[PDB]
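Undergrad: Starting from these lines, generate the structure:
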Amino acid sequence: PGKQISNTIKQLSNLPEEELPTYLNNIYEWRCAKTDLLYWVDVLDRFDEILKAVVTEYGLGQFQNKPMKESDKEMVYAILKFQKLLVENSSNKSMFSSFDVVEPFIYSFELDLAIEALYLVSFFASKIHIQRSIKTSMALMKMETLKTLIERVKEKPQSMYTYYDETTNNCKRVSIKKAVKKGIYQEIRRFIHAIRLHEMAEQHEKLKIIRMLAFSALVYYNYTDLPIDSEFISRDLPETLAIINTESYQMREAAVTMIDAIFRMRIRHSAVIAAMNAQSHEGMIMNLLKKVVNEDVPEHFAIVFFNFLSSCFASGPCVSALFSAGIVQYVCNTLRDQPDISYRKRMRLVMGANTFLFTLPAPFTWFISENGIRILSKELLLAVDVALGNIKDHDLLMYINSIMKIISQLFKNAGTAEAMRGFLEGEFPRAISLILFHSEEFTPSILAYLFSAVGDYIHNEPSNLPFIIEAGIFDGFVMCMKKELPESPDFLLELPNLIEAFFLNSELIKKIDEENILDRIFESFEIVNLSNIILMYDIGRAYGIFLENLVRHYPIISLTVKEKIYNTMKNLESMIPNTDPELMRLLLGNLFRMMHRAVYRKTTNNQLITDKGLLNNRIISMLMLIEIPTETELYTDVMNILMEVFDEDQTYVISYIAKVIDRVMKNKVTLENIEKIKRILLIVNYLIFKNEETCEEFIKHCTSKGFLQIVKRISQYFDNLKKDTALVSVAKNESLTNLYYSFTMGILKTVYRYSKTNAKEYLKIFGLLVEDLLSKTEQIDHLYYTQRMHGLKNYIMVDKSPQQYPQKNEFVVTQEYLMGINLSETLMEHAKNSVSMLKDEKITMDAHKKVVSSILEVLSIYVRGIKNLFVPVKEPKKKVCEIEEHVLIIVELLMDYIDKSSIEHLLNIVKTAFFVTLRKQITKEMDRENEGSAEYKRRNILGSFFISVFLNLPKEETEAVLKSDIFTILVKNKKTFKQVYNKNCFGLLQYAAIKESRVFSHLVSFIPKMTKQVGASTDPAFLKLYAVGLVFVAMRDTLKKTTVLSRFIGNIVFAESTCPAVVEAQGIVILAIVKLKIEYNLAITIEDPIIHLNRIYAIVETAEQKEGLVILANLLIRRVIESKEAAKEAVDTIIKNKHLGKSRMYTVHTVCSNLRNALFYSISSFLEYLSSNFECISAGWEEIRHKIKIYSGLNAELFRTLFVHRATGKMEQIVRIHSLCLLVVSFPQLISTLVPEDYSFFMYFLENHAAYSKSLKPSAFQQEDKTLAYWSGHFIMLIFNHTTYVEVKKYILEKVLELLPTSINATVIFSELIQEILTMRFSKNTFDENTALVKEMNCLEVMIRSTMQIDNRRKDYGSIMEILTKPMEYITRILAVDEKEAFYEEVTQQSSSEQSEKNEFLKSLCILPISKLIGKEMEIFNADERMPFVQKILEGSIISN
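TA: Residues are numbered from 1 along each chain as shown. What follows is the structure:
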């Protein structure tokens, strides 16, 4: 911002609309630096909205108010002109959203509005070729609307106007000469424009310049993807240059802007130069230059024209042509010949120069050869000698700025080193000395470019340096620096460069040391006003690099630089506590980011300027004063430099921080001191954590008595902080205790993880800290026990075995460390005392649960690595048996207080008590003999207690651990078997039953007792248990037992239910019973399942997750249909699927897992297949040598009976037809035996299929309607594809042909029916007979008859035609082609939640192959079991066979 910026913003925002033009007219030109548009957002919005109000008052559609007020027009005219004036010197113009209002001003009746708005448009879209981002801003209006102004305006050019319109497609006139009423005299706007051009001819020159402005604006939006031919440049460019050369100024303004637009896009610059006459010395732009220097031109047009020239000077060939014309000699002649030209003319000349003296090197070479530099010296000296003794002339100082810059970039460019020859010889030294001696009254840019050029020339050669020196140049420099320095960025940016350039000589170094100019260089940081500039630019990095290179090349002043810089850090640290916090935050950020690169580098002489002790003193003094956020860059830099210093020498750093923290500790207790200790604890935590490798001395000092006494005093002070809550709140006390404990944890982890840590020395400090902790525990206030006990848990955590070996959970050496402390006695004391308070009822029950869970986990993970725990081992059972006795005592003491937070730890305890057994570390014989053991009976009675405790909870909590391997042995006892069977928690029963065999040994005996309770049990768990038990006993009896299955006789009847779980249970029971009956002789007889089937279909409507219901229904129905031979052949095909792969498959287990469905389907079939056609399975003994459907026993009558079911509801009919599709796909042979009369029922299928049109989508539809239509059509087309049945196909093709021409939708859907009939090809020969049958009936005749008969004049008629193009074309292509290639041809040659989930479920439904159907249906029976005893015993049977 600034002073004028905000003042103009507020004036344009507050001044009334009547007074707005009055103040606007004062500011004729922007005499200020380039700004940004983001500050005038409010001004832009106000001007835009008042423009909307004005134009809406005018109508924006008809311009009804032709006689308009002068106040509003003057207001808008000034608003536009000065908005433009503000905006040419602005930034970020892609956000300009006021563009949409200017279009009606172009067509407005007052053409001052139009000229101003089009001037704004010209400026805004003149930058398209450079920025290219104004596409969004200027896309508010079309680029095609204003094309009515291609025609040239003459003296009343046209009294005839022709307009072109649609539909009529004719051109005619509308009278304009009437002009009776102002209302009627892109199309009414075009009519208004016609009236403007014809009726009002007095202001015909004005509308003429309007038309040029509008055509130019169209060019500016887009110069159009352009018809660029040779003739385009041949007429457009010469006509425009003649326009500029001959006619007036307003229109040549648009002309020069548009030719600049044409130039900048950089196309056809060869023809542009050729027609441009730019290579001639007197080209048209140089002709304009002569005109401008001779006769005055308006400032706006002059600025635009010279910006056009500057754009021209950017391109290569263009500047080459201009230089060949002699632009350098031209401007040199104009400069030499007359001194009376204005400063602005030479300003424009040198702004051109700052481009064409750097675009190409040849103009620079000729300029050097043309004595140009000395001419510049002459003009500069005369300008400055006129300057002296007079008031501030803005134009003169801007000219001097321009001279300084042009010389600065001329010297800086590497290829422009030709100017070094004539600097000293010319009056450049005198001019630069004069500039230095009067720098106070000059623009700071003058001085910055001066310093830049001086430094560059000094660096160019040291030959002429003294001639600079004793000429008083350095004297003038020093006396200039003595006065208060300018507050400019570039001045202090370029000062170090000249300092180094002077340092190129030793005498200058000794003199600057004598005069100490570095004082100001260093002090440049601590200025509040300049601090903003320091924020903006990267001054700190520049200072750091400068000082680094200075000390690198010149270590002579290293001592002085060091002393002065440390004095500067001390001075800056002095003003920290007594200034606004953000000020030190940002100043310290700057100072640290500059010392980051200034000090601690790897170059030479940096070790001289890196002092560890003093820098540590200053950094610690900084640290104990200010709080620093983590995410700030200053935090990162201070951490980086401090860790580098610490890594340089850890010992002195830790010793010094220790003594400083002790000394500040012994002072008064203050909250600021609390912040200091907090931050010091945090920083020591980070430095401990970041330490990758540690020296042994650091570990020893951490174990030194001084360090531990410091830490114990810290603990004492923290306890003092715990004295009162008002000073340190409970949250603050908890936080400080947590951070202190975290420090202890970190140091303990570091010392333990240290290589070959001294066990005794580490245990010494560990014992000291734990005894301090337990001493602090006896205090009555136990509210902080949570973090203390978490701390002791972490103490257990740090002393743990590395467990590097995978699948290893056992203490390596930490067991002895743990047992050497007698922690068990402390556990006993804590347990009894906690139960004592439990009797005292002063603790919340949930708090009691969390306390006992904490105790349980402490004990569990304290003992889980104890060796030979519950192991009957002879020698080491002296104390581990005592530990087990303690554990049983404690668990007896806490028999009634096991919570969900404790059940996992109880599982951990039981896992530890049986670790080797469940990990199969037993030999099945050592376990078989270890029954008579003290540890064995102990763990038995404990397991009894755990079962008793677990059975005291509701089902919800027990569901978490319903599947644990511990129960496999817990229920293995028949006593516990029946005890938990009485508890009715059968999920454990199924899981352990799958995982264990003796549980089945008892369960099969149990089954006959509960065979009677099955009837209408209405329980999921009981029924699934019955099913799984029956199937498992059936397979076990097939495994050469047999006689057990024969003894089971009974019968069960079922009732009706509405709850789903009951119906899935009944369905699974039917599955099991029918599958067992069809395969094996079982005396249990059940009724006809079809009643339960229609139950399922009647109920699937309301139930959720119908996927299970439908899949079980389909599987059971094919079980009913299928026979043993069909299943055996299907299993054979499944085996052959892998058999043809001939992979390696060395292990039996992987093959069994991949084919679990084949194994568990019918074990007899797979066993006989492996006996005869054995696969390529190594079988654990070398390698083995390796190597149309007709089915019987089917139930076709049931299919026929369900065929005429004719249900009513939507979803169950959809399910039934899906089942029909699946069964016919699986079993096409059943359709062959249907009654020859049922074909009349296909009417329903084809009708409800054709009722809905998927192509012509009707609204108010349901997704279920789409599903029904798709599936109904799919069923019949599947009959076509998958069946070789001719007569039924002939009958149905008849029916479809008669029903086709009934209606338009019927015709479309029937043509699509035939299309999908012919598209996907089931088989080659079958497709051939299909084609023969379809051609025999000659469908084409009648269907094309329907094609042209229904032709009617209607809106959707045409759309129906392109819909129907594809079917006949495809049929004709197929039919005409012979049988051989016809098969080879192709085409084109929470209510919402339930609805969404059921729709997605319907979408998921599709046809699947039988094998994965088996897999997913019997996943329920296997319960996704991986390695049961079933697979092991089957592998044994296979191996033995």
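Undergrad: Kindly export the helix ranked longest in the chain (C-alpha atoms) in CSV.
TA: Criterion DSSP state H: the longest helix present in the chain is helix 730-753. Only the C-alpha atoms of helix 730-753 are listed here, as CSV (Å, rounded to 0.1, in the frame of the first residue of the first chain):
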residue,chain,number,x,y,z
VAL,A,730,-4.2,-30.1,37.9
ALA,A,731,-3.8,-30.2,34.1
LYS,A,732,-0.5,-28.3,34.4
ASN,A,733,0.7,-30.6,37.2
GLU,A,734,-0.2,-33.6,35.1
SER,A,735,1.6,-32.1,32.1
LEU,A,736,4.8,-31.3,34.0
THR,A,737,4.8,-34.7,35.6
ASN,A,738,4.3,-36.4,32.2
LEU,A,739,7.2,-34.4,30.6
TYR,A,740,9.5,-35.3,33.5
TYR,A,741,8.6,-38.9,33.2
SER,A,742,9.1,-38.7,29.5
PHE,A,743,12.6,-37.3,30.1
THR,A,744,13.3,-40.2,32.4
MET,A,745,12.0,-42.7,29.9
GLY,A,746,14.1,-41.3,27.1
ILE,A,747,17.3,-41.3,29.1
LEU,A,748,16.6,-44.8,30.3
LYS,A,749,16.0,-46.0,26.7
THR,A,750,19.2,-44.3,25.5
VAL,A,751,21.3,-45.8,28.3
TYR,A,752,19.9,-49.3,27.9
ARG,A,753,20.1,-49.3,24.1
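Undergrad: Contacts for it next, please.
TA: Contacts of helix 730-753 with the rest of the structure, by CB atoms under 8 Å, 6 or more residues apart in numbering, involve 674, 678, 681-682, 684-685, 688-689, 691, 694, 699, 702-703, 711, 714-715, 718, 721-722, 725, 728, 757, 762, 765-766, 769, 783-784, 787, 790-791, 794-795, 798-799. No exception for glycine: its C-beta is placed from N, CA and C like everyone else's.
Undergrad: Please apply the same query to stretch 1087-1105.
TA: For stretch 1087-1105, the external contacting residues (CB under 8 Å, 6+ apart) are 1053-1054, 1056, 1058, 1060, 1063, 1066-1067, 1070, 1074, 1106, 1109-1110, 1113, 1116-1117, 1120, 1198, 1202, 1207, 1209, 1211-1212, 1215-1216, 1394, 1401.
Undergrad: so what's the closest residue to residue 1049 other than its chain neighbours up against?
TA: Residue nearest to residue 1049 in three dimensions, not counting chain neighbours: residue 1083, with 4.2 Å by CB to CB, 6 or more residues apart in numbering. Residue 1083 makes contact with 1048, 1049, 1050, according to CB under 8 Å, 6+ apart.
Undergrad: you'd agree the second one is in a strand?
TA: Which is residue 1049. No. Counting by DSSP: H, G, I helix; E, B strand; the rest coil, residue 1049 is not found in a strand; it is coil.
Undergrad: mind listing the helices for the stretch 851-1000 of the chain?
TA: For the stretch 851-1000 of the chain, the helices defined by DSSP state H, counting those that start in this stretch cover 880-893, 900-913, 915-918, 926-929, 934-950, 955-958, 965-970, 974-981, 986-995, 998-1010.
Undergrad: Which neighbouring elements make contact with the longest one?
TA: Contacts defined by 3 or more CB pairs under 8 Å, 6 or more residues apart in numbering; DSSP states H and E place helix 934-950 against helix 880-893, helix 900-913, helix 965-970, helix 974-981.
Undergrad: which of the contacts of helix 730-753 are buried?
TA: Neighbour counting with 16 or more other CB atoms under 10 Å marks 674, 681, 684-685, 688, 691, 694, 699, 702-703, 711, 714-715, 718, 721-722, 728, 762, 765-766, 769, 784, 791, 795, 798-799 as buried within those.
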